[PDB]
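Note sheet for the following structure.
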Amino acid sequence: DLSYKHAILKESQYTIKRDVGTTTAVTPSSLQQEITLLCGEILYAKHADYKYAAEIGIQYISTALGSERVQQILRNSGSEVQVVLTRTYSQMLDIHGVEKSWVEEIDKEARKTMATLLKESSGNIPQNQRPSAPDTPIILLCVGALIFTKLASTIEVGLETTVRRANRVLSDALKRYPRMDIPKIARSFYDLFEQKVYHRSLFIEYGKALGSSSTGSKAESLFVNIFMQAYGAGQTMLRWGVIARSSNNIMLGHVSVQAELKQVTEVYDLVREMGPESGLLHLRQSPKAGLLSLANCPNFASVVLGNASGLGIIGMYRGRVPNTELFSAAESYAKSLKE
Amino acid sequence: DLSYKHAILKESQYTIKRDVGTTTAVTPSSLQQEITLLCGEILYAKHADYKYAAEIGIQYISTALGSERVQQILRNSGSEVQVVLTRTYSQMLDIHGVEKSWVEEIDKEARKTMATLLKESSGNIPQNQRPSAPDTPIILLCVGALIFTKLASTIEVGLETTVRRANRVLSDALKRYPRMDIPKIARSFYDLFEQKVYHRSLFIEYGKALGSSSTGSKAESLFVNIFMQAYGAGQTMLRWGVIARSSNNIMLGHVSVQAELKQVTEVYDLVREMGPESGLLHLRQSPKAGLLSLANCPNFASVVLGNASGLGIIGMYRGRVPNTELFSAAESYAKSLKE
Amino acid sequence: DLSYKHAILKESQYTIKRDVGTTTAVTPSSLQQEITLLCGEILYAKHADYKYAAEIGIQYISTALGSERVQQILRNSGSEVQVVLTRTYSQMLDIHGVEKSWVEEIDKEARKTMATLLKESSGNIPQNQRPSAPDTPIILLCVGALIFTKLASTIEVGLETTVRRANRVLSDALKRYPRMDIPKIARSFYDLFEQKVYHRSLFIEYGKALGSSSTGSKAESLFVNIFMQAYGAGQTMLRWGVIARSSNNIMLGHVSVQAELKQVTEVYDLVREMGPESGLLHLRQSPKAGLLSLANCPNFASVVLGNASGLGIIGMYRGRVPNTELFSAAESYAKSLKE
RNA sequence: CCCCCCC
RNA sequence: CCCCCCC
RNA sequence: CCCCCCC
RNA sequence: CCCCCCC
RNA sequence: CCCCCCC
């Protein structure tokens, strides 16, 4: 059945159309040196409103890939959003859907903070501490990638995890910019990813275009590391299933587990059939996701969760254990094997 | 039977949930230098109300371990208390559940006492006599640890013992701070330990995180000494039983003692089975405590109490002697062996 | 034969169905802070009718475990009772099967008593003497656990023992609430346990979920102590048999005792085979109980009862002595060994 | 319906 | 995020 | 039929 | 029910 | 609480 369902979904002669009357903003590569400034003036000043930081990160992505490539990416993502270009005025940027009041506020706040830290201090600002640093857009996109790995999770868990992991992953940027509010920027990125779902596709295309590069700075290598940490998002049950098989859990040989193993292997075969893009299904909110669910094998899922709980892997996972006796037996065996 | 009871209690697939709608306060490490001041402004001034001194000690513990680690500790203790962070205002602290009037009163009393002892005296206040000393939070937590060792006992015995032992254990702090009211601070700590039972788990986690440290001041070494003096709390009968076995008491060979020795050894085997965390069962008020009771062996308990009374160990122990003839015979033999 | 009987009972491919058209009440955790009030307004006032105090204790248990977990517990206990949720009205509770007149009467009686004790007295009601104390539901469940240990016994013995033991076990609660009628509350709990047998399973699940907790108050530790004192209910003959073996009674070597020792050891092997849940068989009224009866070994039972009578353990046990000569000989030898 | 930990 | 020794 | 004390 | 001394 | 000499 599962192969037939995927065959129906894949073999479609008709293309969906959505967001027909909508538009979005991009910034041409000719403005990259400008957007960098903006992407850094968000980082070293303490701003009251961090509402469009995610849009500025996506603007930098658009400068990197190019306006035409970004339009093509949005078009092939199933969304008929018409790209609107970015202009300059007196210079500053007039990004579509980003209020000019916001850009002026961010610029003025950063200029005032820079003046205050230059007047009082000894005037020895290093090359990495200024807003026009060239890795500041990647530093903002690193907060974006941290909150990207938690798009299958909830908002509160995502924000808490982003802050916790960014105090260590982004320690160097925090030292360079003492006053960068990872919570508010992470909230902005979560809002962008939820509202504009095609920007998940744009962000993934940037991740690919960055990982495929021949050279990169440490910021881009960090961004790619986090982006790849997001790969199996929304499918931790499959990873824990292969973990359970590697652990040689005895309760995998139970009668009901052996009964469901056929369709479990069917799900894994479907994973292989989709191939490399299967991992990005839940990150993209591809409607095709959910063909990879193991919820139709309650006993296998309970055994997998029990094995994970025994090994300590389960952590604070919020999934359901359908069959509690199998869960407890598997947990006991996994603890025994671990000890 | 006892092994089966412990097997039932330990092998539970369901987690309890309590204090669901409740919250508690923590203080981030970034405020440690501030909380230290507070924890010392309780010590060198004579305050009318010592109500929240225990909460300030626990706040310092939260600064030491960290807010996130403290939340995790509270969560793994079986209590679903939602941590509330600590803020500053004009600076002073606004601790959740601690009235700002109390903090202002403590600060003002300490400032007035400092002004009085500076105006009249010769102005030679040493570095250890000021409230901002860095061992003052540990000095307060030492009163807390003294009253911690008496949580299995009663309130009046606990307070009397705390004052008696603190006049000698904490003599140096008393010399440094002539006006520190060990009775009221001990009462505050007893109130905290009784009301918020998860703070027993927090206090034990601080004891572990301190004993595991590579270095420490003399205050922290004293705190760990007292904390370890609290280890076997609520189980002095087992310690006196192994004492009686070491004393080779002849009445241990009586018919009824030899009858009960099997299940006595069962209790000791259960002690070994639980392992290192068995000693902290009564300190934590773990409901699992009471599996270690020797009350179901009245003759063994009477012989043990008699041996203790003969050796002079019994002191003023308030336990019951079930069989008075065995108690008296064991006491006579123990006195004879002692002489 | 006994192993074969247990094999038949255990290896059943068919599940029983009972209480098909019946329903029961639970209270969601969101109402715990409310049910606590009710569970305490039963304790400090003198009520004419104590009819549903047991149902209110079970309601608190349902808040603790959760409505869904309680439904699952009732379902796995062999009873197809449909859980009915609890609602609020103007606030007070409308518990299914509990008349709103009863709840209004209890609330009004408690409010009138509180007004009388506040108007006449000096207005210094401590935090533990008020109905909204958080250990009041556990104090009611402690009377419930005392009457739980006497479910194998008769009603009159159970009530007498509950009152006698509660004057000492629950002395602190009695001091806090001078007017709490342990007899009527114990009668209510006995009625609940007899009528709704699935509530024995719910009460045992609460005992497990409480003993497995990492922390607990003194009320919960007391409840777990009593709950574990109930463990071997309905099987005091097996405990006295192992006592007789520990006593090395000479009449155990008699011809008929040695004749029956084989099937006696068979019963003990069956005990080990069932394992931890064997002790709760008579408490649950599991129909499988009675496989553990030693009534088919009249001479062993007579020797065991004689040994118990000699040691003074028999107390006022109402079992039958089949062979009086063995009983008297064993009693004489046990007294001789005791002296 | 699905998802849910850590890095 | 990653990296981190010696030759 | 079974259960039946004390804690 | 459990706990109960001293350090 | 612990420590406390000599070399």
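Residue numbering restarts at 1 for every chain of the structure tokens, chains are lettered A, B, ... in their displayed order, and ligands are numbered from 1 as they appear.
Residue-level contact on chain C: within 7 Å of chain G, counting only C-alpha atoms (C1' of nucleotides), the set is residues 169, 222, 225 and 226 of chain C.
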Please produce, as CSV, a per-residue contact table for chain C versus chain B (criterion: any atom at most 6 Å away, only C-alpha atoms considered), showing the nearest atom pair and its distance in Å to one decimal, sorted by chain then residue number.
residue,atom,partner,partner_atom,distance
C:208,CA,B:9,CA,5.9
C:209,CA,B:16,CA,5.5
C:211,CA,B:287,CA,5.1
C:212,CA,B:9,CA,5.4
C:213,CA,B:78,CA,5.8
C:214,CA,B:77,CA,5.0
C:215,CA,B:286,CA,4.8
C:216,CA,B:285,CA,5.6
C:221,CA,B:287,CA,4.3
C:246,CA,B:259,CA,5.8
C:247,CA,B:259,CA,5.7
C:276,CA,B:4,CA,5.0
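Residues within 10 Å of residue A:114, counting only C-alpha atoms (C1' of nucleotides) and excluding same-chain residues fewer than 3 positions away, are residues 41, 44, 45, 108, 109, 110, 111, 117, 118, 119, 125, 130 and 131 of chain A.
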Please give the complete set of residues from stretch 101-308 of chain B that DSSP, run on the backbone, assigns to helix (DSSP H, G or I), formatted as a PyMOL selection string. chain B and resi 101-119+136-148+155-169+171-176+182-195+198-211+218-229+236-247+250-253+255-278+298-308
